[PDB]
């Protein structure tokens, strides 16, 4: 009788982790299902070598189990998987929010972003120690499975075409921060992609919009939902 919202994190985050302020504001009003992707958080499944394919199949099972709902996908894990869920299973998704994400990234721009994670455990011991707590020791294996999959097949994993967002058959919001120029332009340019794609830029926010500027993150989504789901 109530709608449901699914929250899908980015690389090495968690459902509850990336979306803590969102779950607090919306639970009681909505059924909130923070999803832990394979190899992350409390998820019972470890990462698979064809990570994105397996993770999308896991995400599809989640929505098919708890019923159709609203998808929020963050970063270059949740984003692409949420979009592919909305593109291949419109029967499961009532609307889609893409956040901290930019279509049509060049493969070399992206792999260079992934390089930032190379040697993370050796260079950021404090971050490495929280990962062991959040994820288990398997996060090292999880990071390798994800980076490997994008290395072999950037186009069918981390890449989302703006044209493919326009072809979505459900209401879509691109909700990015202003700090990363590539994300800001995407949120600015989304209405011109040729569907009903909506864009909104959240001031003072960077890559993790929902965590940086929670108050205005929730308002932009709520505003979007009132138009989409009325």
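In the authors' numbering, the protein residues as written are 28 to 257.
Using N, Cα and C, we set each Cβ at its ideal position, and we do this for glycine too.
Extent of the continuous alpha helix (DSSP H) run through residue 248:
241 to 255
Any idea if residue 29 is buried or exposed, counting beta-carbon neighbours within 10 angstroms, 16 or more meaning buried?
exposed
In angstroms, rounded to a whole number, what distance separates the CA positions of residue 241 and residue 64?
22 Å
Express the C-alpha separation of residue 96 and residue 32 in angstroms, rounding to a whole number.
6 Å
Limits of the unbroken alpha helix (DSSP H) element including residue 90:
78 to 93
Residue range of the unbroken alpha helix (DSSP H) whose run includes residue 148
147 to 150
Please give the ranges of any alpha helix (DSSP H) in the stretch 120 to 171, keeping only runs that are unbroken, at least 4 residues long and fully inside the region.
134 to 142, 147 to 150 and 152 to 162
Using the Cα positions of residue 52 and residue 245, report the straight-line distance between them to the nearest angstrom.
8 Å
Which residue's Cα is closest to the Cα of residue 119: 125, 128 and 109?
109
Just grab the DSSP bridge partners of residue 33 for me.
60 and 98
Given residue 93 as reference, the closest of 82, 104 and 59 once Cα atoms are compared
59
Can you find the residues in the same chain that come closer than 7 Å, C-beta to C-beta, to residue 206, ignoring five residues on each side of it along the sequence?
232 and 233
Bridge partners - residue 229, DSSP secondary structure assignment:
204
Count the other CB atoms within 10 Å of the CB of residue 133; is the residue buried (16 or more) or exposed (fewer)?
exposed
Residues in its own chain within less than 6 Å of residue 102 by CB, not counting five upstream and five downstream?
37 and 127
Provide the residue(s) that pair with residue 199 in DSSP beta bridges, ordered along the chain.
123
With a threshold of 8 Å on Cβ separation, who are the neighbours of residue 193 within its own chain once the five nearest residues in sequence on each side are excluded?
220, 221, 222 and 224
Which residues mark the beginning and the end of the alpha helix (DSSP H) in which residue 53 is found?
47 to 53
Which two residues bound the contiguous alpha helix (DSSP H) that contains residue 192?
189 to 193
Residue 199, buried or exposed, once every other Cβ within 10 Å from all chains shown has been counted against 16
buried
Same chain only: Cβ atoms within 6 Å of residue 185, ignoring 5 sequence neighbours per side
103, 107, 137 and 177
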